[PDB]
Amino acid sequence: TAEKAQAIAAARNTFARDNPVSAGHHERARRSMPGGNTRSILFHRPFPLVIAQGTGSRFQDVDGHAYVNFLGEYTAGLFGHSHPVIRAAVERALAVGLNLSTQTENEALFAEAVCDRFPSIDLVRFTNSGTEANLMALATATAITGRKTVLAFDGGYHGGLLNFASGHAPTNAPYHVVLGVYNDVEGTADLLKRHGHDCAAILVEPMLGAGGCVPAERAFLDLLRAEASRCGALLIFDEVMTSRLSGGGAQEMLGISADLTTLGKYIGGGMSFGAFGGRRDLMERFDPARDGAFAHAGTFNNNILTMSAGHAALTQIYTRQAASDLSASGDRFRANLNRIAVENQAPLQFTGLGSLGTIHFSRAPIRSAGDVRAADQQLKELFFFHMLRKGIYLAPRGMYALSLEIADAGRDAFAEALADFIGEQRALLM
């Protein structure tokens, strides 16, 4: 509607008036990077906030405004901006030496911690991102099976070269990808009958992350596990986001085992990180001593900062117990946010699991990419600008990912700001 469009025009202008120093930064950034941007998700209109500095769960922008960071680096930033244990791991790495050009002890210790944590990961390899992890998992599936077809899901996001958030992106690596509808048992069974013979892999998030914190239904994942086994395709669970949900990620909570699992985000302690692991027999194809071994180099794969900060992250900070506690805290938080919507007759909900959640302006079921897209997009943008005015930073698309540094005062301020949105924007919520 026109009414909402005008509300957004007003909110954008208010943001621009609040943030003229960020505005100047944007005009300069446009000289060296396309649209002043090097990570597409950071861009929003009229321009993005530039931040100056942060400590713990808080940061300040270049205009001086302070915020609680509920975004947490799209789930990588589990430790806040200045964790002393992470800092210590960085100091220990610098003492060991940088760019050591050789095999290290720390990479093996980190690997042991990873294999110990995740119940379907017998052996693991590190990459430099979730994008690389997923690409290597597809390389594995395709090379082993000799097949070309990959089943993935509309709304699915698996990195820079495997972006299905708005269907097929023209920039995707040219794997022969067939897209199903997330959570659609009937349609997906049909696609598997059609393509099962030629399917190298099923690639799926146990909860759409970038696609809107949409949990996978049990019946959907059971279909995928059964059919992958029947047709000889590798089931790949992309847990780059979902691994945080318990000590052993979504697979532990589900009792469903993927053939390969990809990891990313928080696991390297906030340093560059990705990983792919899985069944021993599949991963041994990368043993470089073995006959016709697959090649997987990568300059920074075993870099000392990631290996050292990650080992600290898993063993000292985000233990199995910390994962259970944060996820339970996240469940209570999301229920409280939904109670606020319910008690105020608000046409919104928050979907997700554990410490992950996203607002959707609909009271209908949010089960697939279609549902997320059909929910009100103008109200979502308005909500972002409102939260900023309340000193709460979350994703433009309405996602939060609670760090370990988020405390009672932070959660309370978020919940109060949500109530304020509902009251202040009542006219637009009818």
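Here the rigid core means the biggest group of C-alpha atoms that line up within 1.5 Å when the two forms are laid on top of each other. Just count from 1 along the sequence shown to find any residue number.
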Between 300 to 308 and 204 to 212, greater root mean square CA displacement in 5 other deposited structures of this protein relative to the shown form, after rigid core superposition, belongs to 300 to 308
Out of 341 to 349 and 126 to 134, which one drifts farther from the shown form in 5 other deposited structures of this protein in terms of CA positions, with the fit done on the rigid core? 341 to 349
Comparing 304 to 312 with 336 to 344, which stretch shows the greater average C-alpha B-factor in the deposited entry? 336 to 344
When mean C-alpha B-factors in the record are compared for 97 to 105 and 193 to 201, the larger belongs to 193 to 201
Please pick out which of 73, 238, 154, 91 has the largest Cα B-factor as recorded in the entry. 91
The third of the chain into which the C-alpha temperature factor of residue 230 falls is the highest
Could you say whether, by C-alpha temperature factor, residue 164 belongs to the lowest, middle or highest third of its chain? lowest
Once the chain's modelled residues are ordered by C-alpha B factor and cut into thirds, is residue 294 in the lowest, middle or highest one? middle
Classify residue 371 as lowest, middle or highest third according to the C-alpha B-factor given in the PDB entry, relative to its own chain. middle
Please say which third, lowest, middle or highest, residue 218 falls into when its CA temperature factor is compared across its chain. highest
